[PDB]
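Chemist: File run-v2.csv follows (CSV, C-alpha atoms):
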chain,number,residue,atom,x,y,z
J,1,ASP,CA,13.0,145.9,-74.0
J,2,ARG,CA,9.7,144.9,-75.7
J,3,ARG,CA,6.6,143.9,-73.7
J,4,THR,CA,8.3,145.0,-70.5
J,5,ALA,CA,5.4,146.5,-68.4
J,6,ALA,CA,3.4,143.4,-69.1
J,7,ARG,CA,6.2,141.2,-67.8
J,8,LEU,CA,6.5,143.4,-64.7
J,9,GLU,CA,2.8,142.8,-64.1
J,10,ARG,CA,3.2,139.0,-64.5
J,11,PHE,CA,6.1,139.0,-62.1
J,12,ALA,CA,4.1,140.8,-59.5
J,13,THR,CA,1.4,138.1,-59.9
J,14,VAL,CA,4.1,135.4,-59.5
J,15,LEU,CA,5.4,136.8,-56.2
J,16,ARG,CA,1.9,137.3,-54.9
J,17,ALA,CA,1.2,133.6,-55.8
J,18,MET,CA,4.5,132.5,-54.1
J,19,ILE,CA,3.5,133.9,-50.7
J,20,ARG,CA,0.0,132.5,-51.1
J,21,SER,CA,1.4,129.0,-51.7
J,22,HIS,CA,3.7,129.2,-48.6
J,23,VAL,CA,6.9,128.8,-50.7
J,24,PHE,CA,8.4,132.2,-49.8
J,25,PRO,CA,10.5,134.1,-52.3
J,26,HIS,CA,13.4,134.3,-49.9
J,27,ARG,CA,13.7,130.6,-50.7
J,28,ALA,CA,13.8,131.5,-54.4
J,29,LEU,CA,16.3,134.4,-54.7
J,30,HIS,CA,19.9,134.1,-53.6
J,31,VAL,CA,21.8,137.4,-53.7
J,32,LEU,CA,24.9,138.1,-55.8
J,33,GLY,CA,27.1,141.2,-55.7
J,34,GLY,CA,26.9,144.4,-57.6
J,35,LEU,CA,27.3,144.1,-61.4
J,36,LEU,CA,30.1,146.0,-63.1
J,37,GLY,CA,30.5,144.6,-66.6
J,38,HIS,CA,28.6,143.0,-69.5
J,39,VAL,CA,28.8,142.0,-73.1
J,40,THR,CA,25.5,141.6,-74.9
J,41,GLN,CA,24.4,139.8,-78.0
J,42,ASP,CA,20.8,140.2,-79.2
J,43,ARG,CA,18.8,139.4,-76.1
J,44,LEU,CA,21.6,137.4,-74.4
J,45,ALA,CA,23.9,139.0,-71.8
J,46,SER,CA,26.8,138.0,-69.5
J,47,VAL,CA,26.8,140.1,-66.4
J,48,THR,CA,29.7,140.2,-64.0
J,49,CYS,CA,29.4,141.1,-60.3
J,50,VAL,CA,31.7,141.2,-57.3
J,51,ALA,CA,31.3,138.6,-54.6
J,52,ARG,CA,33.7,139.5,-51.8
J,53,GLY,CA,36.0,142.4,-50.9
J,54,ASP,CA,35.1,146.0,-51.4
J,55,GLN,CA,33.3,147.2,-54.6
J,56,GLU,CA,35.9,149.6,-55.9
J,57,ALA,CA,38.7,147.0,-56.0
J,58,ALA,CA,37.2,146.1,-59.4
J,59,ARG,CA,37.9,147.7,-62.8
J,60,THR,CA,35.0,148.6,-65.1
J,61,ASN,CA,35.5,149.0,-68.9
J,62,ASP,CA,33.7,152.3,-69.0
J,63,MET,CA,36.9,154.4,-69.1
J,64,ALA,CA,34.9,157.4,-67.8
J,65,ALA,CA,34.7,156.0,-64.2
J,66,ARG,CA,36.9,153.0,-63.9
J,67,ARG,CA,35.8,152.3,-60.4
J,68,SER,CA,32.2,152.4,-59.3
J,69,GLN,CA,30.0,152.5,-56.2
J,70,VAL,CA,26.8,150.8,-55.0
J,71,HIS,CA,23.4,152.4,-55.9
J,72,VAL,CA,20.2,151.6,-54.1
J,73,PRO,CA,16.8,153.1,-54.9
J,74,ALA,CA,16.3,155.6,-52.1
J,75,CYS,CA,12.6,154.9,-52.1
J,76,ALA,CA,13.2,151.5,-50.4
J,77,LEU,CA,16.2,152.3,-48.2
J,78,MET,CA,14.9,152.2,-44.6
J,79,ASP,CA,17.4,153.3,-42.0
J,80,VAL,CA,17.0,151.8,-38.5
J,81,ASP,CA,19.1,153.5,-35.9
J,82,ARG,CA,18.0,157.1,-36.5
J,83,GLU,CA,14.6,155.4,-36.9
J,84,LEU,CA,14.7,153.5,-33.6
J,85,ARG,CA,16.5,156.5,-31.9
J,86,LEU,CA,19.3,154.5,-30.3
J,87,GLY,CA,21.0,157.8,-29.6
J,88,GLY,CA,24.1,156.2,-31.3
J,89,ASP,CA,26.8,157.8,-33.4
J,90,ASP,CA,27.3,156.7,-37.0
J,91,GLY,CA,30.4,154.7,-37.4
J,92,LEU,CA,30.6,151.4,-39.4
J,93,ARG,CA,27.2,150.0,-40.0
J,94,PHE,CA,25.9,146.7,-41.4
J,95,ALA,CA,23.7,146.4,-44.4
J,96,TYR,CA,20.6,144.1,-44.5
J,97,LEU,CA,18.3,143.3,-47.4
J,98,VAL,CA,14.9,142.4,-45.8
J,99,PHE,CA,11.6,141.1,-47.2
J,100,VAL,CA,8.2,141.8,-45.7
J,101,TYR,CA,5.4,139.3,-46.3
J,102,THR,CA,1.7,139.8,-45.6
J,103,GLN,CA,-0.8,137.0,-45.8
J,104,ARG,CA,-4.5,137.5,-46.4
J,105,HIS,CA,-6.0,135.2,-49.0
J,106,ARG,CA,-6.4,136.8,-52.4
J,107,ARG,CA,-5.5,140.1,-50.8
J,108,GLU,CA,-1.8,140.1,-50.1
J,109,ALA,CA,1.5,141.7,-51.1
J,110,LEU,CA,5.2,141.9,-50.6
J,111,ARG,CA,7.3,144.8,-49.3
J,112,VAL,CA,11.0,145.2,-49.9
J,113,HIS,CA,13.6,147.3,-48.0
J,114,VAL,CA,17.3,147.7,-47.6
J,115,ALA,CA,18.2,148.3,-44.0
J,116,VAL,CA,21.5,149.5,-42.5
J,117,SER,CA,22.3,149.7,-38.8
J,118,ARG,CA,24.9,148.7,-36.2
J,119,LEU,CA,22.6,146.0,-35.0
J,120,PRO,CA,24.3,142.6,-35.6
J,121,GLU,CA,21.1,140.7,-34.7
J,122,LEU,CA,17.9,142.0,-36.2
J,123,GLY,CA,15.4,139.8,-34.4
K,1,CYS,CA,67.9,76.1,-120.4
K,2,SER,CA,66.3,79.0,-118.6
K,3,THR,CA,67.6,81.9,-116.6
K,4,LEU,CA,66.2,83.2,-113.3
K,5,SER,CA,64.9,86.7,-113.4
K,6,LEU,CA,66.4,88.3,-110.3
K,7,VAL,CA,64.7,91.4,-108.8
K,8,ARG,CA,65.7,93.7,-106.0
K,9,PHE,CA,63.0,95.4,-103.9
K,10,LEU,CA,64.6,98.8,-103.7
K,11,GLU,CA,64.5,99.3,-107.5
K,12,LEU,CA,60.7,99.0,-107.6
K,13,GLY,CA,58.7,102.2,-107.1
K,14,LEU,CA,56.7,100.6,-104.3
K,15,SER,CA,59.6,101.3,-101.9
K,16,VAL,CA,58.7,105.0,-101.7
K,17,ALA,CA,55.6,103.9,-99.9
K,18,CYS,CA,57.4,102.8,-96.7
K,19,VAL,CA,60.7,103.3,-94.8
K,20,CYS,CA,62.7,100.0,-94.5
K,21,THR,CA,65.3,99.6,-91.7
K,22,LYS,CA,67.0,96.4,-90.6
K,23,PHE,CA,66.7,95.8,-86.8
K,24,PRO,CA,68.8,92.7,-86.1
K,25,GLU,CA,67.4,92.3,-82.6
K,26,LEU,CA,63.7,92.3,-83.4
K,27,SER,CA,63.6,88.7,-82.2
K,28,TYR,CA,64.0,89.9,-78.7
K,29,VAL,CA,61.7,93.0,-78.4
K,30,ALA,CA,58.3,92.7,-76.8
K,31,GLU,CA,55.5,94.8,-78.2
K,32,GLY,CA,57.0,98.1,-79.2
K,33,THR,CA,55.3,101.5,-79.5
K,34,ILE,CA,55.6,104.9,-80.9
K,35,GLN,CA,54.4,108.2,-79.3
K,36,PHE,CA,52.7,111.0,-81.1
K,37,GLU,CA,51.8,114.4,-79.7
K,38,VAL,CA,49.7,116.9,-81.7
K,39,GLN,CA,48.4,120.3,-81.0
K,40,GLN,CA,45.2,121.4,-82.8
K,41,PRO,CA,45.1,125.1,-83.6
K,42,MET,CA,42.2,127.3,-82.4
K,43,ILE,CA,40.5,130.5,-83.6
K,44,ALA,CA,39.2,133.2,-81.2
K,45,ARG,CA,35.5,133.5,-81.0
K,46,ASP,CA,33.8,136.4,-79.2
K,47,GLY,CA,30.5,137.5,-77.6
K,48,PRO,CA,28.6,136.0,-74.7
K,49,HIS,CA,30.0,132.4,-74.5
If you convert what's in this file into structure tokens, what do you get?

Modeler:
Amino acid sequence: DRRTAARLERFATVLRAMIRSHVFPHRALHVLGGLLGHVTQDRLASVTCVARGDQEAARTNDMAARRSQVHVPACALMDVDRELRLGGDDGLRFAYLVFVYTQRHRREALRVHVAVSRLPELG
Amino acid sequence: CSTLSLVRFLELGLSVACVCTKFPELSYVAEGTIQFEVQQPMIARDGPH
């Protein structure tokens, strides 16, 4: 897309304003599932994402890989158990998308992560 | 004297503008109706919407 880096910069300024004004972005971004399909006109799309069930019950119109998986930028994926050293053994683990605020006037930012663990209650 | 020019309505071409049927019990019927159903065709669009 055109003008994209500029838009990324403006979006950064938007989120940094959001935390400054005490209307936090977690009250501005509900989460949908993982997209699988789309038909696009010129600058107008119709994405389609799962909402319940497991991802690979779907059927993508790629015809190279009908099913899919879930991809997360490894730069942000922060594991917890192996981090906290619970001494546990990896079985079925939950998955949490977490936001990190920091508040210092005119000098503030937001950190994102995707956390997995067996812990049902983060707290 | 003078004759009397008789005329029958079905001979005139105006008859083909309507269907005429005797209904000898019209004096009894309340407000009658007629039911239509119609099914508009449709053409398949595509794209986003």

Chemist: Mind checking which residues fall within 12 Å of residue J:41, counting only C-alpha atoms, ignoring those fewer than 3 positions away in the same chain, and posting them as a ChimeraX atom specification?

Modeler: /J:38,44-47 /K:46-49

Chemist: Save out the residues we just selected, C-alpha atoms, as a CSV table (one decimal), in the coordinates of the input.

Modeler:
chain,number,residue,atom,x,y,z
J,38,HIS,CA,28.6,143.0,-69.5
J,44,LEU,CA,21.6,137.4,-74.4
J,45,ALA,CA,23.9,139.0,-71.8
J,46,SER,CA,26.8,138.0,-69.5
J,47,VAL,CA,26.8,140.1,-66.4
K,46,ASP,CA,33.8,136.4,-79.2
K,47,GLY,CA,30.5,137.5,-77.6
K,48,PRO,CA,28.6,136.0,-74.7
K,49,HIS,CA,30.0,132.4,-74.5

Chemist: Would you work out the distance separating atom CA of residue K:9 from atom CA of residue K:23, expressed in Å to one decimal?

Modeler: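 Result for atom CA of residue K:9 versus atom CA of residue K:23: 17.5 Å, one decimal.
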
Chemist: With distances taken over only C-alpha atoms, which residue among J:76, J:49, J:109, J:36 lies nearest residue J:61?

Modeler: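 Of the candidates, the smallest distance to residue J:61 is held by J:36.
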
Chemist: What does the distance from atom CA of residue J:29 to atom CA of residue J:70 come to in Å, to one decimal?

Modeler: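 Here the two named atoms are 19.5 Å from each other.
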
Chemist: Could you work out how far atom CA of residue J:32 lies from atom CA of residue J:51, giving the answer in Å with one decimal?

Modeler: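 Separation between atom CA of residue J:51 and atom CA of residue J:32: 6.5 Å.
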
Chemist: With all atoms listed in the file as the atoms that count, which of J:42, J:89, J:1, J:9 lies nearest to chain K?

Modeler: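 Ranking J:42, J:89, J:1, J:9 by distance to chain K, first place goes to J:42.
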
Chemist: Which residues, written as a compact mmCIF listing (two decimals) with C-alpha atoms, in the coordinates of the input, have at least one atom at most 12 Å from stretch 15-18 of chain J, with all atoms listed in the file counted and residues fewer than 6 positions away on the same chain left out?

Modeler:
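Printed below is selection-v2.txt as written:
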# COMPACT_ATOMS: atom_id res chain seq x y z
CA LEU J 8 6.50 143.40 -64.70
CA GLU J 9 2.80 142.80 -64.10
CA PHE J 24 8.40 132.20 -49.80
CA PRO J 25 10.50 134.10 -52.30
CA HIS J 26 13.40 134.30 -49.90
CA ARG J 27 13.70 130.60 -50.70
CA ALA J 28 13.80 131.50 -54.40
CA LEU J 29 16.30 134.40 -54.70
CA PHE J 99 11.60 141.10 -47.20
CA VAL J 100 8.20 141.80 -45.70
CA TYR J 101 5.40 139.30 -46.30
CA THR J 102 1.70 139.80 -45.60
CA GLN J 103 -0.80 137.00 -45.80
CA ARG J 104 -4.50 137.50 -46.40
CA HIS J 105 -6.00 135.20 -49.00
CA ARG J 106 -6.40 136.80 -52.40
CA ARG J 107 -5.50 140.10 -50.80
CA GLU J 108 -1.80 140.10 -50.10
CA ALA J 109 1.50 141.70 -51.10
CA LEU J 110 5.20 141.90 -50.60
CA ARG J 111 7.30 144.80 -49.30
CA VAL J 112 11.00 145.20 -49.90

Chemist: My list of candidates is J:40, J:48, J:4, J:117. Which is closest to chain K when distances are computed with only C-alpha atoms?

Modeler: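 Counting only C-alpha atoms, the residue closest to chain K is J:40.
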
Chemist: Got a minute to add N, CA and C atoms to stretch 104-122 of chain J and dump it as a PDB file, keeping the file's coordinate frame?

Modeler:
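Contents of rebuild02.pdb, freshly written:
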ATOM      1  N   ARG J 104      -3.087 137.475 -46.483  1.00  0.00           N
ATOM      2  CA  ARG J 104      -4.500 137.500 -46.400  1.00  0.00           C
ATOM      3  C   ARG J 104      -5.025 137.009 -47.776  1.00  0.00           C
ATOM      4  N   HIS J 105      -5.802 135.928 -47.772  1.00  0.00           N
ATOM      5  CA  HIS J 105      -6.000 135.200 -49.000  1.00  0.00           C
ATOM      6  C   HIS J 105      -6.674 136.017 -50.077  1.00  0.00           C
ATOM      7  N   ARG J 106      -6.067 136.005 -51.265  1.00  0.00           N
ATOM      8  CA  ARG J 106      -6.400 136.800 -52.400  1.00  0.00           C
ATOM      9  C   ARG J 106      -6.274 138.309 -52.196  1.00  0.00           C
ATOM     10  N   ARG J 107      -5.828 138.726 -51.019  1.00  0.00           N
ATOM     11  CA  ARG J 107      -5.500 140.100 -50.800  1.00  0.00           C
ATOM     12  C   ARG J 107      -4.212 140.191 -49.977  1.00  0.00           C
ATOM     13  N   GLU J 108      -3.089 140.140 -50.692  1.00  0.00           N
ATOM     14  CA  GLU J 108      -1.800 140.100 -50.100  1.00  0.00           C
ATOM     15  C   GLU J 108      -0.756 140.713 -50.969  1.00  0.00           C
ATOM     16  N   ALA J 109       0.409 141.013 -50.403  1.00  0.00           N
ATOM     17  CA  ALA J 109       1.500 141.700 -51.100  1.00  0.00           C
ATOM     18  C   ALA J 109       2.791 141.456 -50.466  1.00  0.00           C
ATOM     19  N   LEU J 110       3.843 142.016 -51.058  1.00  0.00           N
ATOM     20  CA  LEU J 110       5.200 141.900 -50.600  1.00  0.00           C
ATOM     21  C   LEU J 110       5.849 143.266 -50.548  1.00  0.00           C
ATOM     22  N   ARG J 111       6.558 143.579 -49.466  1.00  0.00           N
ATOM     23  CA  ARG J 111       7.300 144.800 -49.300  1.00  0.00           C
ATOM     24  C   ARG J 111       8.763 144.557 -49.208  1.00  0.00           C
ATOM     25  N   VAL J 112       9.571 145.332 -49.924  1.00  0.00           N
ATOM     26  CA  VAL J 112      11.000 145.200 -49.900  1.00  0.00           C
ATOM     27  C   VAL J 112      11.625 146.381 -49.215  1.00  0.00           C
ATOM     28  N   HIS J 113      12.805 146.183 -48.632  1.00  0.00           N
ATOM     29  CA  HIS J 113      13.600 147.300 -48.000  1.00  0.00           C
ATOM     30  C   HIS J 113      15.031 146.915 -48.040  1.00  0.00           C
ATOM     31  N   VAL J 114      15.858 147.933 -47.833  1.00  0.00           N
ATOM     32  CA  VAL J 114      17.300 147.700 -47.600  1.00  0.00           C
ATOM     33  C   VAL J 114      17.658 148.468 -46.365  1.00  0.00           C
ATOM     34  N   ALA J 115      18.056 147.722 -45.345  1.00  0.00           N
ATOM     35  CA  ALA J 115      18.200 148.300 -44.000  1.00  0.00           C
ATOM     36  C   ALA J 115      19.684 148.291 -43.629  1.00  0.00           C
ATOM     37  N   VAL J 116      20.112 149.403 -43.046  1.00  0.00           N
ATOM     38  CA  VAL J 116      21.500 149.500 -42.500  1.00  0.00           C
ATOM     39  C   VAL J 116      21.337 149.927 -41.040  1.00  0.00           C
ATOM     40  N   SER J 117      22.291 149.465 -40.241  1.00  0.00           N
ATOM     41  CA  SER J 117      22.300 149.700 -38.800  1.00  0.00           C
ATOM     42  C   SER J 117      23.604 149.139 -38.250  1.00  0.00           C
ATOM     43  N   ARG J 118      23.844 149.402 -36.971  1.00  0.00           N
ATOM     44  CA  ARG J 118      24.900 148.700 -36.200  1.00  0.00           C
ATOM     45  C   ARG J 118      24.458 147.451 -35.579  1.00  0.00           C
ATOM     46  N   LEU J 119      23.175 147.134 -35.655  1.00  0.00           N
ATOM     47  CA  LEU J 119      22.600 146.000 -35.000  1.00  0.00           C
ATOM     48  C   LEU J 119      23.090 144.687 -35.637  1.00  0.00           C
ATOM     49  N   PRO J 120      23.908 143.863 -34.977  1.00  0.00           N
ATOM     50  CA  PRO J 120      24.300 142.600 -35.600  1.00  0.00           C
ATOM     51  C   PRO J 120      23.189 141.578 -35.650  1.00  0.00           C
ATOM     52  N   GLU J 121      22.194 141.688 -34.778  1.00  0.00           N
ATOM     53  CA  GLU J 121      21.100 140.700 -34.700  1.00  0.00           C
ATOM     54  C   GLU J 121      19.801 141.453 -34.823  1.00  0.00           C
ATOM     55  N   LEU J 122      19.123 141.300 -35.959  1.00  0.00           N
ATOM     56  CA  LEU J 122      17.900 142.000 -36.200  1.00  0.00           C
ATOM     57  C   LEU J 122      16.812 141.641 -35.203  1.00  0.00           C
TER      58      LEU J 122
END
